[PDB]
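Just one chain is shown here, as structure tokens, and it is the form deposited in one PDB entry.
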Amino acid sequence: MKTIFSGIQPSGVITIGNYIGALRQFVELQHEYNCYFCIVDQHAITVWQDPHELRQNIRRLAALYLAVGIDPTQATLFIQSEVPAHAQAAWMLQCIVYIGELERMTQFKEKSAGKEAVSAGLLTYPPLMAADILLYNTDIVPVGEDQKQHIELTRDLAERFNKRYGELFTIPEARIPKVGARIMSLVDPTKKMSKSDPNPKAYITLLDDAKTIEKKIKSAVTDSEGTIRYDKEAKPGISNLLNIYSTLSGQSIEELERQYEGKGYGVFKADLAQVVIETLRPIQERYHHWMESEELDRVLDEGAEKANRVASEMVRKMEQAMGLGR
């Protein structure tokens, strides 16, 4: 049985983009693999988080992991900062990666561009992510398309460690879904939907109510051609909405194109809103159950004990390979 690791930042409430690109597949993969799923709060603070909001986003993400169907007896669910080994291995991998490699990362370039001063944590985001992955001898990392480059750097860091010091790490491999690997923003269809977007109209969160979802879909930007057909270059907004519709309803894109012949954007968007609402309905109900209870903390307690045992042993091996300590 191979091992899976994946994380999500408590930098906000997860979006349908996070759901379609990652979390939805976690729920199937837990039955086929040894799975670790992580709330990566040390990654979240690489940009400013208000402390009260961050504490609460951590609880909410834990509740949403379990609400969408992750079974804490089939997968290990835990908070990054409660496992000190992650920071320990991240320091060691920071001494392996070169500065030039971190500066050419697309996400660092995008998230720092135009900013006068950004934190060192933003630059050193990959070594901590590589630590999360590599500590558990991970084979498969399910992520959306935007993380492919980070996984490629992780493979490089693991090879480098293994060849500079001796074979220790499994070389992980990304698993990127064929559909929905990059949901686009509702207000700018040339950039991806991000849960930290300063514009709330850009994303649907899993906790948005019905009136909010209706507003956000009906104001999603589209062209003026008036024809519901998939075409990424010429109709990027409608294409994105057809992708969300298709993957949540199970109807193919061409089935939806046929379903909306001679139909206007207005009835298409009204319908899509109800597809998303009906999708989120059972999720939000299990979410409220987990938020109201102390069972949520026991799951995370148990998860951190299990993760600590595995990770702190791999840290011992890393230190012995590098010659640290005794």
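One rule holds for the numbers: they count along the sequence shown, beginning at 1. C-alpha atoms forming the largest set that superposes within 1.5 Å between two forms make up the rigid core.
There is also a form deposited in another entry; it is not shown, and the following applies to it.
Only one candidate in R298, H288, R55, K263 has its Cα displaced by 2 Å or more between this form and the one not shown after core superposition: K263. In the core-superposed comparison between this form and the one not shown, the C-alpha atom of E167 has shifted by less than 2 angstroms. The Cα position of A234 differs by 2 Å or more between this form and the one not shown after fitting on the rigid core. Here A273 counts as shifted, since its C-alpha moves by at least 2 Å between this form and the one not shown after the core is aligned.
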